[PDB]
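Here's a solo chain for you in C-alpha cells, the form deposited in one PDB entry.
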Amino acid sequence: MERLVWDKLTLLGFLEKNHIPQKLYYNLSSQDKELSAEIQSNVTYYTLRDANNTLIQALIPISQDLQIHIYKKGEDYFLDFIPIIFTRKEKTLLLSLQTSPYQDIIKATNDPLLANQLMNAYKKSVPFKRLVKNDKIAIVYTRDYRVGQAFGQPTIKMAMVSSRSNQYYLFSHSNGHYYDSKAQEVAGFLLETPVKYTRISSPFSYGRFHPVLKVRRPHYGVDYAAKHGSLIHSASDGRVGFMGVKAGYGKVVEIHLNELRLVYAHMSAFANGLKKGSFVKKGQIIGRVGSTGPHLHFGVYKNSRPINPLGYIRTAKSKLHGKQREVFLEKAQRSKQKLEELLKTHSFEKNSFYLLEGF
C-alpha cells in the first residue's frame, strides 16, 4: 500500500476525489457516521490502487485501534470499521539531562509525543522549566508499530523525575487515571456534566474485536438523551478550536484545554457571541441540544485519544482505597525496586541516556 498523510480531507471529500459513490457514507448508521467524523488530520493512512489508478483499498484511522476499511469487490465499494493491526513494544528510558528535558527526551527516543506527554503529566508537580543538568528522568512506556512504522501515541506506564533532591513518580492504572506514590491521582482533571439528561443513551466503549460473536463497535463519547431545548454547558475551561458542521456530528463545538479536546455534537444552536477563538469557562453555556430523538454526543480526547468522559465527571480527584490500593502499592513497590536496579546497572558516566527493551 502507499503510505500517505491525511491533511485537509473529510470522508465525503475522499470518496468524491476517488469516484466512490457518497451513498457509501450516507447509508451508514448514525453511530457509524459519528465514528467517521473523527478522522484526524496528520494521520498516516494507506491506499491501494490498480494499474488504472483506481482506488481498490483504503485504510483510514479513526483512533489508535480502529480504522475505516474501504474496498472494491467487482463493481461495488464497501466500507467496514475494523481493528488496526499493530505490534506493541515496551521500552525503558533512563536519562540524565544534558540540556533541556523536551530536547533531550527527543534526542534519546526520536519521540516528541513522549516528551510532551511527560511534560504535561508533571506540569503541576515538576515544571520542566525547573529541571537542570544531571537531573534524572526515567520512563517505562509502550509504543505501537504497523509494518515497522511507529504510529499513534505512546502510553506511559511509569515515570520518575528527580529534581532538587526529590523523586516524583507517576504510575498508570487500568482505570485510565495516573497516580503518585501515595495512590493519589496526578495530572487528571475535573469535569462537569454538559447537559441535564434523562439517561445515557449510549455509553463510551472501546469496542470488542474478538471472538466474532462478542464483537462490539467502539463508541468514542457519551450520548445523552435530553429534552429539546436543553442548554449545553462546557464541561471545562478552554478555548474554542472549532464551531460549525461536520458530517456525522451536525453542529459541533470543540474546545481545547491543554492536552484535552472536548467535543459537543448534534447541537441546534451555538451561544450568541461564541466563535472560533473564544475562551470559555467551566459551566458556561455554549449552545443548545439538537437533533442534528434529541441527543448530545460528548467526547473527551486526552493526548489525541478518546477516553471515557464519565471517569472525569466528578468534584474531586481519584484516590485509591481498599484492595485496589494494596494491589496498586505492591505493584508500585516492585516497579520502584526494578527501576532502582536498572539505574544501578546503568551508569550515566558511560552514557547520558539508555533506551532499553522491556522493563
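For clarity, a rigid core is taken as the largest C-alpha set superposing within 1.5 Å between two forms. Residues carry their position along the shown sequence, with the first being 1.
Omitted here: the form deposited in another entry. The next part is about that form.
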message: Please name the one residue from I200, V132, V147, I82 with a C-alpha displacement of 2 Å or more between the shown form and the other one, using the rigid core for the superposition.
response: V132
- prompt: Rigid core fitted, is the C-alpha displacement of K182 between the shown form and the other one 2 Å or more?
  reply: yes
query: Under a superposition restricted to the rigid core, does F328 display a Cα displacement of 2 angstroms or more between the shown form and the other one?
result: yes
query: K246: with the rigid core matched between the shown form and the other one, does its Cα shift 2 Å or more?
result: no
